[PDB]
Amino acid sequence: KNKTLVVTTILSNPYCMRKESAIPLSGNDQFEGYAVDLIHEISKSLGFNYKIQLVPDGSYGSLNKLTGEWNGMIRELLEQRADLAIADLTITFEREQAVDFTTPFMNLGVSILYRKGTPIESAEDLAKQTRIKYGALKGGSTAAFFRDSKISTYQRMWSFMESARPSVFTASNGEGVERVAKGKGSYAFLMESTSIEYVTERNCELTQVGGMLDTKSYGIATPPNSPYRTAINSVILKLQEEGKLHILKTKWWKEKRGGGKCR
């Protein structure tokens, strides 16, 4: 009951955002968002206290094959500096070899963020040209999807992205969004559908292009042999069945920070 867990997370709209505040904030009070609410609900049900700490390297977690070393939130778990990672963190085979994910709390797939009203209607339309540049978050699961694909269209896109100069990869979703929004049609961003929907609810000149290219989920990551994973799974399923995960999705995707006004 007096247990205090360290939660690693990452700034990504609307999962975890700095509050809009002209006065100084500190601690957990600095942050809000879907993931902040989710960990609050989990901590209440299971009766622990927690400290939110942004991952110092601003990375989700990738594996360097040369060194065999992880970075990002995954590394914070493996090095025992965090007890839980709660974010838009994709459950991947590769990460699950190193850490243990909970059952999912959100489903998604890779898609395309671009401006509205253009001839680009699909990934095929992007891969077939070079006028519009396109990229993805560096080191994330979207980039890995393209890198590891054996579909010709996605192999062609990966080759284009790896070869492009200056880099088409971004350090964050937010950077990708800004590059689309201010790019005057010269850039499209490969982005997770959930994260796209937050943007398109608020920037009425942007849209998701095409459908989802794969299917995947976010889950809470825990270190190997964590004594909390199983209890958290029950909380997630309870919140799911009670409808509270959907309420939190509506709150952050349609209501907070000017959502839902694109006519």
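Residue numbers run from 1 along the displayed sequence.
- If you average the C-alpha B-factors over 131-139 and over 115-123, the higher value belongs to 115-123.
- Comparing 10-18 with 250-258, the higher mean C-alpha B-factor in the PDB entry belongs to 250-258.
- Comparing the C-alpha B-factors of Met191, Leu77, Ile91, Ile151 in the entry, the top value falls on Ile151.
- Listed residues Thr230, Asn49, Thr215, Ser195 were ranked by CA B-factor as deposited; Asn49 comes out on top.
- Placement of the Cα temperature factor of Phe101 within the chain: lowest third of the modelled residues, per the deposited record.
- When the modelled residues of the chain are ordered by C-alpha B-factor, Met161 sits in the highest third.
- In this PDB entry, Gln155 carries a Cα temperature factor that places it within the highest third of its chain's modelled residues.
- Ranked by C-alpha B-factor against the other modelled residues of its chain, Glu201 falls in the middle third.
- The PDB entry assigns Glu32 a C-alpha temperature factor belonging to the lowest third of its chain's modelled residues.
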